[PDB]
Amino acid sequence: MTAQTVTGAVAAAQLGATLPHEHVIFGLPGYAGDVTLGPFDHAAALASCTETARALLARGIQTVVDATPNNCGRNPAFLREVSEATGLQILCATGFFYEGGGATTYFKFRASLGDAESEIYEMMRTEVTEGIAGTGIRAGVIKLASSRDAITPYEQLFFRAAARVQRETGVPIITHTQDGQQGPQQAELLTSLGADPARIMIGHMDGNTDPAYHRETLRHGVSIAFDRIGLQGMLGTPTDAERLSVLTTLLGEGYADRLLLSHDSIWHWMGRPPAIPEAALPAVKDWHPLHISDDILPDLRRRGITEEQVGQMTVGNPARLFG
């Protein structure tokens, strides 16, 4: 095992309770073009993010997996600052985001002129085994993403590169699914390429409310994450009540060792600060990284989920997957 964090290798048994998909900082592609009126205040970001990390530690959370793709404001050196200041363990990612998420097209262009898969493979392999941008800070997971209606031929370059790095290094893979679709397809493709199903987490599976979809995904041996908990009724995301309805069904069916829980929260936004309109405030009220600890786990316990099941989802599963 060992997990590769931004401060170094840590044993699987030292990961503790983990949030496996969050964003310490995050910018939607294009934020860097808005630098003049949306500059990065490093001191303010560090204060805000350290405060958040201290709050998680208070709740028994010892590790966070930052899922931020390379083109979405990823900043390993900043993650390391937050980690060294607080003791919160942080894994960072290597990967690029879905083909309708912007940026792109740099590799789209390179793919049209040459062997982009091989170049993406070398990037992922270098960032996992040696480090990111000269810093010596290594990625502890590979980030993949697909579009809603298909895993596009362009997206597949990244899936094929990631599978090879996975086979060679053991590194975990976590994913983005768009609008509650393609989970079975991701699982099929990655397993078909010989990637280790005990080291794959199919993401945003809470985006779909039909348990048959989750079950099919789960036939492939992989883990699945209800990782946007708290983001409610916003652009097709279900409510947390709908999420927990599906989760308790799956727990009742013995799936606790393959379910994981997160918020997909953003602790500090790159670019201009977010301007949330009045009618959207309910959607984001509970969308912050203390919601699972304070609201969700106690609610599951009230519903009859056992301490053993909660510990499996929040501690056991991450140790196996990331550790």
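We number the residues from 1 along the sequence you see.
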Determine, for stretches 278 to 286 and 257 to 265, which one has the higher mean CA B-factor as deposited. 278 to 286
Pick between 236 to 244 and 164 to 172: the one whose mean CA B-factor in the entry is higher. 236 to 244
Maximum C-alpha temperature factor, selected from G101, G221, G140, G203: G101
For the listed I229, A85, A93, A225, which has the peak Cα B-factor recorded in the PDB entry? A85
Sorting the chain's modelled residues by C-alpha B-factor and splitting them into thirds places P318 in the lowest
CA B-factor placement of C72, once the chain's modelled residues are sorted into thirds: lowest
Test of reading the entry: by CA B factor among the chain's modelled residues, which third contains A47? highest
CA B-factor ranking of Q14, expressed as a third of its chain: highest
CA B-factor ranking of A133, expressed as a third of its chain: middle
